[PDB]
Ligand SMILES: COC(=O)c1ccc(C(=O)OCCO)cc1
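Encoded as structure tokens, the following chain is the form deposited without this ligand, with no partner shown.
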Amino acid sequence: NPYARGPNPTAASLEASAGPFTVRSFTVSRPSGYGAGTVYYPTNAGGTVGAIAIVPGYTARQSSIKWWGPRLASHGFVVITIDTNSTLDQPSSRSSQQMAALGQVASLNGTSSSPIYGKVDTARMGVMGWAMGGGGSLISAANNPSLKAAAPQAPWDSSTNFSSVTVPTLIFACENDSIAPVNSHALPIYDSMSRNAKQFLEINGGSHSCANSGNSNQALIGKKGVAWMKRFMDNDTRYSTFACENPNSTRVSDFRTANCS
């Protein structure tokens, strides 16, 4: 597998605050098609890595999603967290801005002054995001089936039919979400998808912010997000059990998976 990076994973290595690779970051100097961005990247992955673009929720900023940047990059990904043009952008606009961010990561990969010059495999991309940014991730996946993985959290969308999504999709949900209640948003979205590898992981007692920066389940959520992205962005079957397994955890009130390998 030409995309395999890093040592053999363990539960311990995936639950730790940081993976094996050293992380650096920069502010996007000329954000093009979205508000602002921060790029996180490994300095020692030893080969090109895939890129992931992460979008916040309604009213929210990069701070809500920032923790994913170092957590994923330290496992061998280039991650761009964005601010949207407006904090009140809706899911469709969030998707357009997410894909703009992936395009700018591709531009920076081809720009000799950029810290990520030649670090990105632009054929291997993923999408993540919170709430309306999670709905935007699912729209991104529906419109761009060459995306390798999607892992939205507490997704919100007024349209829950994502039956056209063929991208491997992990939905993080928050049991006690009042803003994007699971029975109206995350679970109908999950149930709509009959064409893909998919997973539903609902955090016991979670509020709408249960997967955001500062959450108290970074060990499990980080392990699952990294394992999903490793399995499906890197085709890395070392991560098949971590990606597909039921955690069987007090921290997980509802687990479902289908077509997972």
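Note that residue numbering begins at 1 and tracks the sequence as displayed.
The next section is about a form of this same protein that is not shown, the form deposited with this ligand bound.
- Residue contact with this ligand in the entry with it bound: residue 132 places a heavy atom within 4.5 Å of it.
- Among heavy atoms of residue 40, none comes within 4.5 Å of this ligand in the entry with it bound.
- This ligand in the entry with it bound is not approached by residue 50, whose heavy atoms all lie more than 4.5 angstroms from it.
- Although the partner is absent here, residue 156 is a contact residue: one of its heavy atoms lies within 4.5 angstroms of this ligand in the entry with it bound.
- Picking from 123 to 131, 141 to 149, 71 to 79, 165 to 173 the stretch near this ligand in the entry with it bound, with a 4.5 Å limit on heavy atoms, gives 123 to 131.
- Among 210, 60, 227, 65, the residue placing a heavy atom within 4.5 Å of this ligand in the entry with it bound is 60.
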